[PDB]
file protein.cif (mmCIF, C-alpha atoms and all ligand atoms)
data_coords
loop_
_atom_site.label_atom_id
_atom_site.label_comp_id
_atom_site.auth_asym_id
_atom_site.auth_seq_id
_atom_site.Cartn_x
_atom_site.Cartn_y
_atom_site.Cartn_z
CA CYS A 44 -3.85 -33.42 10.64
CA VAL A 45 -4.28 -30.63 13.19
CA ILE A 46 -0.62 -29.57 13.11
CA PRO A 47 -0.37 -29.21 9.29
CA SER A 48 -3.64 -27.25 9.20
CA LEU A 49 -2.64 -24.79 11.93
CA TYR A 50 0.88 -24.49 10.50
CA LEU A 51 -0.44 -23.70 7.02
CA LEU A 52 -2.95 -21.21 8.45
CA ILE A 53 -0.33 -19.29 10.43
CA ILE A 54 2.18 -19.43 7.55
CA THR A 55 -0.39 -17.97 5.17
CA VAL A 56 -1.37 -15.29 7.70
CA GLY A 57 2.24 -14.23 8.23
CA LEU A 58 3.15 -14.26 4.54
CA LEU A 59 0.07 -12.21 3.67
CA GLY A 60 0.77 -9.75 6.48
CA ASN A 61 4.40 -9.14 5.55
CA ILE A 62 3.56 -8.95 1.83
CA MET A 63 0.83 -6.40 2.57
CA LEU A 64 3.21 -4.42 4.78
CA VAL A 65 5.98 -4.19 2.19
CA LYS A 66 3.46 -3.51 -0.60
CA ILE A 67 1.96 -0.66 1.42
CA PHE A 68 5.46 0.73 1.93
CA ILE A 69 6.18 0.55 -1.81
CA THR A 70 2.86 2.18 -2.71
CA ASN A 71 3.07 4.95 -0.08
CA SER A 72 6.82 5.61 0.00
CA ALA A 73 5.75 9.26 -0.34
CA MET A 74 4.77 8.98 3.35
CA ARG A 75 7.74 7.14 4.85
CA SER A 76 9.92 8.17 7.78
CA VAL A 77 12.50 6.62 10.11
CA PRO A 78 9.86 4.41 11.83
CA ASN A 79 8.21 3.41 8.54
CA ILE A 80 11.54 2.49 6.94
CA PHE A 81 12.57 0.51 10.00
CA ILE A 82 9.34 -1.50 10.12
CA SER A 83 9.84 -2.04 6.37
CA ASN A 84 13.23 -3.59 7.14
CA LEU A 85 11.55 -5.68 9.85
CA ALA A 86 8.95 -6.91 7.36
CA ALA A 87 11.64 -7.77 4.81
CA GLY A 88 13.59 -9.78 7.39
CA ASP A 89 10.51 -11.65 8.60
CA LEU A 90 9.38 -12.41 5.04
CA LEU A 91 12.79 -13.79 4.10
CA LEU A 92 12.75 -15.92 7.25
CA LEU A 93 9.33 -17.31 6.27
CA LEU A 94 10.38 -17.99 2.68
CA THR A 95 13.51 -19.83 3.81
CA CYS A 96 11.85 -21.75 6.66
CA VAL A 97 8.88 -23.10 4.68
CA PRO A 98 10.86 -25.28 2.20
CA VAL A 99 12.96 -27.10 4.80
CA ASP A 100 9.87 -28.15 6.77
CA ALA A 101 8.02 -29.07 3.57
CA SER A 102 10.91 -31.26 2.40
CA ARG A 103 11.28 -32.87 5.83
CA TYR A 104 7.53 -33.63 5.99
CA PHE A 105 6.42 -34.51 2.44
CA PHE A 106 9.76 -36.15 1.57
CA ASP A 107 12.71 -37.97 3.13
CA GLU A 108 15.65 -36.75 1.02
CA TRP A 109 17.02 -33.24 0.52
CA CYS A 116 22.40 -26.75 2.72
CA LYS A 117 25.19 -24.17 2.88
CA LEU A 118 23.20 -21.01 2.05
CA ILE A 119 19.71 -21.50 3.53
CA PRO A 120 20.82 -21.28 7.20
CA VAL A 121 22.93 -18.23 6.32
CA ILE A 122 19.86 -16.54 4.85
CA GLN A 123 17.73 -17.47 7.86
CA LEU A 124 20.24 -16.08 10.36
CA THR A 125 20.53 -12.95 8.22
CA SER A 126 16.75 -12.60 8.44
CA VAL A 127 16.59 -12.88 12.22
CA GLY A 128 19.51 -10.48 12.67
CA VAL A 129 17.97 -7.90 10.36
CA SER A 130 14.66 -8.13 12.21
CA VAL A 131 16.01 -7.76 15.73
CA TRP A 132 18.57 -5.05 14.95
CA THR A 133 15.95 -3.04 13.10
CA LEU A 134 13.78 -3.31 16.21
CA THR A 135 16.71 -1.88 18.17
CA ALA A 136 17.17 0.98 15.70
CA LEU A 137 13.44 1.71 15.85
CA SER A 138 13.55 1.94 19.65
CA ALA A 139 16.52 4.30 19.38
CA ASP A 140 14.55 6.42 16.90
CA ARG A 141 11.60 6.61 19.29
CA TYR A 142 13.85 7.72 22.15
CA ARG A 143 15.62 10.32 20.01
CA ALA A 144 12.28 11.67 18.77
CA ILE A 145 10.36 11.79 22.06
CA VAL A 146 13.02 13.29 24.34
CA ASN A 147 15.21 15.62 22.29
CA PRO A 148 12.44 17.37 20.27
CA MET A 149 10.05 17.63 23.22
CA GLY A 155 20.15 14.88 5.82
CA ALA A 156 18.19 12.41 7.92
CA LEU A 157 16.20 10.00 5.71
CA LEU A 158 19.31 9.10 3.71
CA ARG A 159 21.03 8.44 7.04
CA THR A 160 18.27 6.00 7.97
CA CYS A 161 18.51 4.30 4.58
CA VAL A 162 22.28 3.86 4.89
CA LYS A 163 21.76 2.59 8.45
CA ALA A 164 19.38 -0.03 7.04
CA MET A 165 22.04 -0.93 4.48
CA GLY A 166 24.55 -1.14 7.32
CA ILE A 167 22.46 -3.52 9.41
CA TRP A 168 21.81 -5.69 6.34
CA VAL A 169 25.55 -5.78 5.56
CA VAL A 170 26.62 -6.51 9.14
CA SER A 171 23.98 -9.26 9.26
CA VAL A 172 25.18 -10.93 6.06
CA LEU A 173 28.72 -10.60 7.42
CA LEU A 174 27.68 -12.11 10.76
CA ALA A 175 25.88 -14.94 8.95
CA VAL A 176 29.09 -15.95 7.15
CA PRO A 177 30.15 -18.51 9.83
CA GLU A 178 26.88 -20.35 9.23
CA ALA A 179 28.02 -21.65 5.82
CA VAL A 180 31.16 -23.12 7.42
CA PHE A 181 29.42 -25.94 9.32
CA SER A 182 26.03 -26.56 7.67
CA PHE A 195 22.43 -39.72 3.99
CA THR A 196 20.67 -36.86 2.20
CA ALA A 197 19.72 -34.87 5.33
CA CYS A 198 21.50 -31.53 5.77
CA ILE A 199 22.65 -31.92 9.38
CA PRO A 200 24.91 -29.09 10.64
CA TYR A 201 25.40 -30.44 14.18
CA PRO A 202 28.56 -32.59 13.99
CA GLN A 203 28.46 -35.67 16.24
CA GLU A 206 30.76 -30.44 22.49
CA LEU A 207 31.57 -26.74 22.95
CA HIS A 208 31.06 -25.40 19.42
CA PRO A 209 27.23 -25.80 19.33
CA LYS A 210 26.65 -24.36 22.81
CA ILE A 211 29.02 -21.43 22.26
CA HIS A 212 27.51 -20.63 18.87
CA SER A 213 23.97 -20.79 20.27
CA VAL A 214 24.88 -18.53 23.21
CA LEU A 215 26.52 -16.09 20.80
CA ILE A 216 23.39 -16.05 18.64
CA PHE A 217 21.31 -15.44 21.77
CA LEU A 218 23.47 -12.50 22.84
CA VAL A 219 23.93 -10.89 19.42
CA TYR A 220 20.35 -11.54 18.27
CA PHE A 221 18.18 -11.41 21.40
CA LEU A 222 19.81 -10.12 24.57
CA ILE A 223 21.70 -6.88 23.83
CA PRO A 224 19.16 -5.59 21.24
CA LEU A 225 16.21 -5.97 23.61
CA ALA A 226 18.40 -4.56 26.39
CA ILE A 227 19.06 -1.44 24.30
CA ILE A 228 15.33 -1.19 23.54
CA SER A 229 14.50 -1.32 27.25
CA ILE A 230 17.25 1.19 28.07
CA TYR A 231 15.92 3.66 25.51
CA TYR A 232 12.33 3.15 26.69
CA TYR A 233 13.37 3.86 30.28
CA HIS A 234 14.11 7.39 29.08
CA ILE A 235 10.76 7.58 27.34
CA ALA A 236 8.96 6.72 30.54
CA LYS A 237 11.16 9.09 32.55
CA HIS A 238 10.45 12.05 30.26
CA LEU A 239 6.69 11.58 30.52
CA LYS A 240 6.95 11.07 34.29
CA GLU A 241 8.79 14.39 34.63
CA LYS A 242 6.28 16.11 32.35
CA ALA A 243 3.47 14.72 34.53
CA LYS A 244 5.19 15.84 37.73
CA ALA A 245 5.32 19.28 36.16
CA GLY A 246 1.96 20.76 35.34
CA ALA A 247 0.79 19.20 38.59
CA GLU A 248 3.59 21.06 40.39
CA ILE A 249 3.30 24.16 38.16
CA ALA A 250 -0.46 24.22 38.83
CA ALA A 251 -0.40 23.65 42.59
CA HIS A 252 0.93 26.89 44.09
CA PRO A 253 1.41 28.82 40.82
CA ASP A 254 2.73 32.41 40.44
CA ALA A 255 6.16 31.07 41.34
CA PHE A 256 5.94 29.93 37.73
CA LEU A 257 4.39 32.26 35.15
CA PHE A 258 6.08 35.06 37.08
CA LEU A 259 9.66 33.81 37.09
CA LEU A 260 8.81 32.99 33.48
CA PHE A 261 8.62 36.75 33.01
CA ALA A 262 11.78 37.25 35.06
CA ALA A 263 13.41 34.86 32.57
CA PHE A 264 12.65 37.24 29.68
CA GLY A 265 14.13 40.42 31.10
CA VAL A 266 17.37 38.44 31.30
CA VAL A 267 17.10 37.88 27.54
CA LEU A 268 16.19 41.53 26.98
CA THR A 269 19.01 42.96 29.11
CA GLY A 270 21.99 40.89 28.00
CA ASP A 271 24.32 42.42 30.58
CA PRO A 272 25.91 39.89 32.97
CA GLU A 273 24.46 41.90 35.88
CA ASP A 274 21.15 40.18 35.04
CA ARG A 275 22.28 36.62 34.29
CA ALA A 276 24.45 36.56 37.42
CA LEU A 277 21.33 36.64 39.61
CA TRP A 278 19.13 34.80 37.10
CA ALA A 279 21.31 31.69 37.42
CA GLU A 280 21.11 31.97 41.22
CA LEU A 281 17.32 32.31 40.99
CA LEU A 282 17.17 29.17 38.85
CA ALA A 283 19.34 27.33 41.38
CA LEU A 284 17.06 28.43 44.22
CA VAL A 285 13.97 27.35 42.27
CA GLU A 286 15.60 23.96 41.68
CA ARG A 287 16.27 23.72 45.41
CA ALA A 288 12.59 24.57 46.00
CA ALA A 289 10.77 23.32 42.87
CA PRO A 290 12.37 20.82 40.45
CA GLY A 291 9.80 20.76 37.66
CA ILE A 292 9.39 24.53 37.71
CA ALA A 293 13.16 24.94 37.53
CA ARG A 294 13.55 22.56 34.59
CA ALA A 295 10.70 24.25 32.72
CA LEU A 296 12.28 27.65 33.37
CA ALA A 297 15.71 26.44 32.24
CA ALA A 298 14.32 25.07 28.98
CA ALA A 299 12.31 28.27 28.54
CA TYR A 300 15.34 30.52 28.96
CA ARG A 301 17.53 28.35 26.73
CA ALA A 302 14.96 28.48 23.93
CA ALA A 303 14.42 32.21 24.47
CA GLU A 304 18.14 32.98 24.26
CA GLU A 305 18.51 30.82 21.15
CA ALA A 306 15.54 32.38 19.35
CA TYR A 307 16.20 35.98 20.44
CA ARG A 308 18.98 36.35 17.86
CA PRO A 312 12.21 39.63 21.41
CA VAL A 313 8.86 38.26 20.22
CA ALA A 314 10.57 35.13 18.89
CA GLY A 315 12.45 34.81 22.18
CA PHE A 316 9.21 35.13 24.14
CA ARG A 317 7.48 32.52 21.97
CA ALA A 318 10.38 30.08 22.30
CA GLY A 319 10.54 30.59 26.06
CA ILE A 320 6.81 30.08 26.57
CA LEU A 321 6.80 27.02 24.30
CA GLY A 322 9.74 25.45 26.12
CA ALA A 323 8.13 26.23 29.47
CA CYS A 324 4.77 24.71 28.52
CA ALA A 325 6.39 21.31 27.93
CA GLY A 326 6.59 19.92 31.46
CA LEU A 333 -3.30 22.88 30.09
CA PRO A 334 -3.58 25.20 33.15
CA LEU A 335 -0.27 26.89 32.41
CA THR A 336 -1.30 28.07 28.94
CA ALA A 337 -4.58 29.51 30.23
CA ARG A 338 -3.02 31.33 33.19
CA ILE A 339 -0.19 32.63 31.00
CA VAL A 340 -2.65 33.92 28.39
CA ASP A 341 -4.63 35.64 31.14
CA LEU A 342 -1.46 37.22 32.54
CA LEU A 343 -0.41 38.43 29.09
CA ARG A 344 -3.86 39.95 28.55
CA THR A 345 -3.63 41.69 31.94
CA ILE A 346 -0.12 43.01 31.19
CA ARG A 347 -1.34 44.31 27.81
CA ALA A 348 -2.82 47.30 29.70
CA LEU A 349 -0.24 47.83 32.49
CA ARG A 350 2.48 50.33 31.57
CA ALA A 355 0.36 50.04 37.67
CA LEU A 356 2.35 47.14 36.24
CA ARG A 357 4.48 47.12 39.40
CA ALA A 358 1.47 46.11 41.51
CA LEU A 359 0.67 43.21 39.17
CA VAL A 360 4.32 42.11 39.20
CA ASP A 361 4.39 42.20 43.01
CA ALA A 362 1.14 40.22 43.20
CA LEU A 363 2.53 37.59 40.81
CA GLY A 364 5.80 37.41 42.74
CA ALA A 365 4.16 37.29 46.17
CA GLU A 366 4.49 33.50 46.27
CA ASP A 382 15.81 39.25 49.94
CA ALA A 383 17.06 42.06 47.72
CA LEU A 384 17.71 39.43 45.05
CA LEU A 385 13.95 38.89 44.91
CA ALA A 386 13.53 42.64 44.41
CA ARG A 387 16.06 42.58 41.55
CA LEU A 388 14.27 39.62 39.97
CA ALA A 389 11.00 41.54 40.26
CA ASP A 390 12.70 44.49 38.56
CA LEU A 391 13.84 42.25 35.69
CA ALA A 392 10.34 40.80 35.40
CA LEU A 393 8.96 44.35 35.26
CA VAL A 394 11.49 45.09 32.51
CA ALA A 395 10.20 42.11 30.52
CA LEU A 396 6.61 43.21 31.17
CA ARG A 397 7.47 46.68 29.85
CA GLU A 398 9.03 45.08 26.77
CA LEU A 399 5.84 43.08 26.22
CA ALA A 400 3.85 46.30 26.70
CA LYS A 401 5.49 47.63 23.51
CA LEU A 402 2.88 45.73 21.51
CA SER A 403 -0.53 46.78 20.20
CA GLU A 404 -3.78 45.11 21.21
CA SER A 405 -4.16 43.54 17.77
CA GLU A 406 -0.51 42.44 17.69
CA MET A 407 -0.63 40.72 21.09
CA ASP A 408 -3.75 38.76 20.10
CA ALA A 409 -1.89 37.18 17.18
CA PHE A 410 1.03 36.38 19.49
CA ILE A 411 -1.14 34.63 22.08
CA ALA A 412 -3.10 32.76 19.40
CA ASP A 413 0.12 31.54 17.78
CA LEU A 414 1.55 30.55 21.17
CA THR A 415 -1.51 28.53 22.19
CA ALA A 416 -1.74 26.89 18.75
CA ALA A 417 1.91 25.87 18.99
CA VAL A 418 1.32 24.51 22.51
CA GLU A 419 -1.58 22.42 21.23
CA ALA A 420 0.41 21.17 18.23
CA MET A 421 3.38 20.21 20.41
CA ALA A 422 1.08 18.32 22.80
CA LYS A 423 -0.54 16.49 19.87
CA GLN A 424 2.86 15.59 18.41
CA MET A 425 3.99 14.25 21.78
CA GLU A 426 0.81 12.17 22.01
CA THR A 427 1.41 10.75 18.53
CA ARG A 428 5.04 9.99 19.39
CA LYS A 429 3.98 8.14 22.53
CA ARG A 430 1.37 6.23 20.51
CA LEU A 431 4.08 5.08 18.12
CA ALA A 432 6.28 4.28 21.12
CA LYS A 433 3.59 2.03 22.60
CA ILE A 434 3.03 0.40 19.19
CA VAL A 435 6.75 -0.39 19.01
CA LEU A 436 6.55 -1.61 22.61
CA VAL A 437 3.81 -4.02 21.49
CA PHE A 438 6.12 -5.11 18.66
CA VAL A 439 8.91 -5.79 21.16
CA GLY A 440 6.56 -7.63 23.52
CA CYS A 441 5.17 -9.90 20.83
CA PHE A 442 8.69 -10.46 19.49
CA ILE A 443 10.07 -11.48 22.88
CA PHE A 444 7.06 -13.67 23.70
CA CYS A 445 7.33 -15.43 20.33
CA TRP A 446 11.12 -15.70 20.01
CA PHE A 447 12.07 -16.58 23.59
CA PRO A 448 10.76 -20.17 23.12
CA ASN A 449 12.67 -20.51 19.84
CA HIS A 450 15.90 -19.15 21.30
CA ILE A 451 15.74 -21.24 24.47
CA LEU A 452 14.87 -24.40 22.52
CA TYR A 453 17.72 -23.76 20.07
CA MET A 454 20.12 -23.26 22.97
CA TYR A 455 18.84 -26.50 24.52
CA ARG A 456 19.12 -28.44 21.24
CA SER A 457 22.87 -27.79 21.41
CA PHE A 458 22.82 -30.46 24.12
CA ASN A 459 20.88 -32.89 21.89
CA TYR A 460 23.02 -32.35 18.80
CA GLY A 468 5.87 -33.96 23.54
CA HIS A 469 9.18 -33.25 21.84
CA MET A 470 7.62 -33.16 18.37
CA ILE A 471 4.61 -31.16 19.55
CA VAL A 472 6.77 -28.63 21.40
CA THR A 473 9.01 -28.27 18.34
CA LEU A 474 6.08 -27.67 16.01
CA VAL A 475 4.37 -25.19 18.34
CA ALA A 476 7.67 -23.33 18.79
CA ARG A 477 8.13 -23.08 15.03
CA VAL A 478 4.52 -21.92 14.67
CA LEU A 479 5.23 -19.28 17.34
CA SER A 480 8.34 -18.15 15.47
CA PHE A 481 6.18 -17.60 12.42
CA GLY A 482 3.44 -16.06 14.57
CA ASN A 483 5.83 -13.30 15.55
CA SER A 484 5.82 -12.20 11.90
CA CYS A 485 2.09 -12.91 11.83
CA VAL A 486 1.31 -10.51 14.67
CA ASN A 487 3.75 -7.69 13.91
CA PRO A 488 1.51 -6.40 11.07
CA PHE A 489 -1.61 -7.41 13.00
CA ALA A 490 -0.42 -5.30 15.93
CA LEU A 491 0.33 -2.39 13.60
CA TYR A 492 -3.12 -2.76 12.03
CA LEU A 493 -5.10 -2.94 15.27
CA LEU A 494 -3.14 -0.41 17.32
CA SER A 495 -2.82 2.30 14.65
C1 LIG A 501 18.57 -21.88 10.37
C2 LIG A 501 19.17 -22.94 11.40
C3 LIG A 501 18.68 -24.39 11.01
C4 LIG A 501 19.32 -25.02 9.77
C5 LIG A 501 20.61 -25.55 9.71
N1 LIG A 501 20.86 -26.04 8.41
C6 LIG A 501 19.72 -25.81 7.61
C7 LIG A 501 19.46 -26.11 6.22
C8 LIG A 501 18.23 -25.78 5.65
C9 LIG A 501 17.22 -25.14 6.44
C10 LIG A 501 17.47 -24.85 7.78
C11 LIG A 501 18.73 -25.17 8.41
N2 LIG A 501 20.70 -22.81 11.36
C12 LIG A 501 21.60 -23.47 12.26
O1 LIG A 501 21.15 -24.20 13.14
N3 LIG A 501 23.06 -23.35 12.24
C13 LIG A 501 24.02 -24.02 13.16
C14 LIG A 501 23.89 -25.38 13.53
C15 LIG A 501 24.80 -26.03 14.40
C16 LIG A 501 25.89 -25.34 14.95
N4 LIG A 501 26.87 -26.01 15.87
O2 LIG A 501 26.80 -27.15 16.15
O3 LIG A 501 27.82 -25.33 16.36
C17 LIG A 501 26.07 -23.97 14.61
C18 LIG A 501 25.15 -23.33 13.73
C19 LIG A 501 18.66 -22.63 12.91
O4 LIG A 501 18.11 -23.56 13.49
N5 LIG A 501 18.85 -21.36 13.51
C20 LIG A 501 18.41 -20.98 14.91
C21 LIG A 501 17.18 -19.92 15.02
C22 LIG A 501 16.03 -20.25 13.96
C23 LIG A 501 15.00 -21.20 14.20
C24 LIG A 501 14.00 -21.44 13.23
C25 LIG A 501 14.02 -20.73 12.02
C26 LIG A 501 15.06 -19.79 11.84
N6 LIG A 501 16.02 -19.57 12.78
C27 LIG A 501 17.71 -18.47 14.71
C28 LIG A 501 17.74 -17.52 15.92
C29 LIG A 501 18.35 -18.21 17.15
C30 LIG A 501 17.53 -19.42 17.58
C31 LIG A 501 16.62 -20.01 16.47
#

call {"tool": "encode", "arguments": {"input": "protein.cif", "output": "structure tokens", "more": "lines below"}}
Ligand SMILES: C[C@@](Cc1c[nH]c2ccccc12)(NC(=O)Nc1ccc([N+](=O)[O-])cc1)C(=O)NCC1(c2ccccn2)CCCCC1
result
Amino acid sequence: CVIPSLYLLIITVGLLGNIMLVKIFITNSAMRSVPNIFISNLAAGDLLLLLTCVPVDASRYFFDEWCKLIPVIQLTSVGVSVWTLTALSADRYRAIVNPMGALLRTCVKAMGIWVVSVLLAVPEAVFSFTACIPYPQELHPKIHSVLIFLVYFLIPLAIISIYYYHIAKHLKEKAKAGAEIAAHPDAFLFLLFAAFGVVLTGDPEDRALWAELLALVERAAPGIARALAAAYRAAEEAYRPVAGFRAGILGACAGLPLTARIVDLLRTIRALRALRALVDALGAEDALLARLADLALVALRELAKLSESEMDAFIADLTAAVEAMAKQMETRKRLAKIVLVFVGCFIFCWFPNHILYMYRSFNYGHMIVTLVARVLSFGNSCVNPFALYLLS
């Protein structure tokens, strides 16, 4: 009575959720990216699992008589789901860290995971009255169940956790910076102008001491040094001056106060060409230091070769790009936490199923635990789209 009602309710909820998910993907394929395609693959896998797990239970409940392909399809479904979760976590890591023909590559990766799943579900058809009983009559069931646990639960979630460790680390470093580049500034936002004279004067007589200055800053300020290194790398790449300056400032302002103080310093330098006094004041916070101040003054002079109207457009573009990059990072972390919710619900719902299936290899509230575990397995697919609906 209670069990059939709750089972039908959750089955309907999950089927409707996955159908709505895939239908939304079909309708709005015009807005579909790596994450959208991967959650589409997840929805397809979950829906196939539902459609192949309903009939066996229905036949075993409302009948007593009923084998080589259904378990293959079910294992294919679970493999597709979990490996697409892994690929989605990898996408989140590669999109959050590195950007602090692609879509076709994601599509062929989806094809690849489908194919490797249907190839890894081949052994199922080997060993699967009128009751389709795969379990024959010691080591084969346990070994197969452990293999399914490893291939389908353990290493995929392990990869997801590994690639979220370096999504937490990146944000922790970005938080350490800003706080460090705002407490005792003018070591930053001045060396950031001694990292542009190096770009301007390409002679090795500048970079030879610029590398040493970066090493000293790292010995004295880690976040400042990493921001300066990213700034100079971007500036050198985009130089081949204004583009180099924009790239350097953008890379530096990536781990709120820094943009404001830098805009103020640029405005002050716009009318200094007594610039030496301002450079000395900025660098107040050792002949190598004098040479670095000279290079910073060179970069300030280069910036001075810009009209009042021209510099305003430059600072406006720079601050707009800073804001856009911050917003994109926030959106990326929001999608990362949504996928983390997906992984959490998946583990909470599929750990009981996996542990019970590993235990059942021994036996090749028992009924109530079995039915609640199956309802939980379906509830995973129930709450994936519910999580995406509520969180987004
Ligand atoms: C799909 C089926 C049952 C099945 C076997 N026939 C059928 C005919 C019709 C409908 C269903 C079946 N498949 C095997 O159990 N296959 C197997 C059995 C014994 C041995 N052995 O003894 O070595 C080796 C392999 C199975 O419960 N998956 C195990 C899992 C699962 C549970 C619920 C829903 C989906 N997925 C899939 C992920 C790992 C743990 C749970």

call {"tool": "residues_around", "arguments": {"input": "protein.cif", "residues": "residue A:126", "least_positions_apart": "4", "cutoff": "7 Å", "atoms": "only C-alpha atoms", "output": "JSON, numbers by chain"}}
result
{"A": [88, 89, 91, 92, 122, 130]}

call {"tool": "residues_near_ligand", "arguments": {"input": "protein.cif", "ligand": "ligand LIG 501 (chain A)", "cutoff": "6 Å", "atoms": "only C-alpha atoms and all ligand atoms", "output": "NGL selection string"}}
result
:A and (96 or 99 or 116 or 119-120 or 123-124 or 178 or 182 or 198 or 200-201 or 208-209 or 212 or 216 or 449-450 or 453)

call {"tool": "residues_around", "arguments": {"input": "protein.cif", "residues": "residue A:282", "least_positions_apart": "2", "cutoff": "10 Å", "atoms": "only C-alpha atoms", "output": "list in words"}}
result
residues 259, 263, 277, 278, 279, 280, 284, 285, 286, 287, 288, 289, 290, 292, 293, 294, 296 and 297 of chain A

call {"tool": "write_last_selection", "arguments": {"input": "protein.cif", "atoms": "C-alpha atoms", "output": "PDB file, in the frame of the given file"}}
result
ATOM      1  CA  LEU A 259       9.660  33.810  37.090  1.00  0.00           C
ATOM      2  CA  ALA A 263      13.410  34.860  32.570  1.00  0.00           C
ATOM      3  CA  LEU A 277      21.330  36.640  39.610  1.00  0.00           C
ATOM      4  CA  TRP A 278      19.130  34.800  37.100  1.00  0.00           C
ATOM      5  CA  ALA A 279      21.310  31.690  37.420  1.00  0.00           C
ATOM      6  CA  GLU A 280      21.110  31.970  41.220  1.00  0.00           C
ATOM      7  CA  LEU A 284      17.060  28.430  44.220  1.00  0.00           C
ATOM      8  CA  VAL A 285      13.970  27.350  42.270  1.00  0.00           C
ATOM      9  CA  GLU A 286      15.600  23.960  41.680  1.00  0.00           C
ATOM     10  CA  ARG A 287      16.270  23.720  45.410  1.00  0.00           C
ATOM     11  CA  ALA A 288      12.590  24.570  46.000  1.00  0.00           C
ATOM     12  CA  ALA A 289      10.770  23.320  42.870  1.00  0.00           C
ATOM     13  CA  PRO A 290      12.370  20.820  40.450  1.00  0.00           C
ATOM     14  CA  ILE A 292       9.390  24.530  37.710  1.00  0.00           C
ATOM     15  CA  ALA A 293      13.160  24.940  37.530  1.00  0.00           C
ATOM     16  CA  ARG A 294      13.550  22.560  34.590  1.00  0.00           C
ATOM     17  CA  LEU A 296      12.280  27.650  33.370  1.00  0.00           C
ATOM     18  CA  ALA A 297      15.710  26.440  32.240  1.00  0.00           C
TER      19      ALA A 297
END

call {"tool": "atom_distance", "arguments": {"input": "protein.cif", "atom1": "atom CA of residue A:234", "atom2": "atom CA of residue A:281"}}
result
27.8 Å

call {"tool": "atom_distance", "arguments": {"input": "protein.cif", "atom1": "atom CA of residue A:199", "atom2": "atom CA of residue A:218"}}
result
23.6 Å

call {"tool": "closest_residue", "arguments": {"input": "protein.cif", "among": "A:420, A:180, A:67, A:211", "to": "residue A:458", "atoms": "only C-alpha atoms"}}
result
A:211

call {"tool": "residues_around", "arguments": {"input": "protein.cif", "residues": "stretch 304-322 of chain A", "least_positions_apart": "5", "cutoff": "10 Å", "atoms": "all atoms listed in the file", "output": "ChimeraX atom specification"}}
result
/A:149,257,260-261,263-268,270,294-299,335-336,339,395,398-399,402,407,410-411,413-415,417-418,421

call {"tool": "atom_distance", "arguments": {"input": "protein.cif", "atom1": "atom CA of residue A:244", "atom2": "atom CA of residue A:422"}}
result
15.7 Å

call {"tool": "axis_aligned_box", "arguments": {"input": "protein.cif", "around": "stretch 101-120 of chain A", "padding_each_side": "4 Å", "output": "AutoDock Vina command-line options"}}
result
--center_x 15.8 --center_y -29.5 --center_z 3.9 --size_x 26.8 --size_y 25.0 --size_z 14.7

call {"tool": "residues_around", "arguments": {"input": "protein.cif", "residues": "residue A:338", "least_positions_apart": "2", "cutoff": "12 Å", "atoms": "all atoms listed in the file", "output": "PyMOL selection string"}}
result
chain A and resi 246+249-250+253-254+256-258+260+320+324+333-336+340-345+363+411+415

call {"tool": "residues_near_point", "arguments": {"input": "protein.cif", "point": "(-0.9, 2.3, 15.3)", "cutoff": "9 Å", "atoms": "only C-alpha atoms", "output": "PyMOL selection string"}}
result
chain A and resi 430-431+433-435+490-495

call {"tool": "closest_residue", "arguments": {"input": "protein.cif", "among": "A:251, A:337, A:136, A:228", "to": "residue A:366", "atoms": "all atoms listed in the file"}}
result
A:251

call {"tool": "closest_residue", "arguments": {"input": "protein.cif", "among": "A:359, A:95, A:469, A:175", "to": "residue A:215", "atoms": "all atoms listed in the file"}}
result
A:175

call {"tool": "residues_around", "arguments": {"input": "protein.cif", "residues": "residue A:389", "least_positions_apart": "3", "cutoff": "8 Å", "atoms": "all atoms listed in the file", "output": "number ranges by chain"}}
result
A: 262, 360-361, 364, 385-386, 392-393

call {"tool": "decode", "arguments": {"input": "protein.cif", "residues": "stretch 158-163 of chain A", "atoms": "N, CA, C and O atoms", "output": "CSV table (one decimal), in the first residue's frame"}}
result
chain,number,residue,atom,x,y,z
A,158,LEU,N,32.4,20.3,-30.6
A,158,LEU,CA,32.5,19.0,-31.3
A,158,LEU,C,33.3,18.0,-30.4
A,158,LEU,O,33.0,16.8,-30.4
A,159,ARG,N,34.4,18.5,-29.8
A,159,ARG,CA,35.2,17.7,-28.9
A,159,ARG,C,34.3,17.1,-27.8
A,159,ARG,O,34.4,16.0,-27.4
A,160,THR,N,33.5,18.0,-27.2
A,160,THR,CA,32.6,17.5,-26.1
A,160,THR,C,31.6,16.5,-26.6
A,160,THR,O,31.3,15.5,-25.9
A,161,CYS,N,31.0,16.7,-27.8
A,161,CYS,CA,30.1,15.8,-28.4
A,161,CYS,C,30.8,14.4,-28.6
A,161,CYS,O,30.2,13.4,-28.4
A,162,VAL,N,32.0,14.4,-29.2
A,162,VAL,CA,32.6,13.2,-29.4
A,162,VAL,C,33.1,12.5,-28.1
A,162,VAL,O,33.2,11.3,-28.1
A,163,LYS,N,33.3,13.3,-27.1
A,163,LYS,CA,33.6,12.7,-25.8
A,163,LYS,C,32.4,12.0,-25.2
A,163,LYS,O,32.5,11.0,-24.6
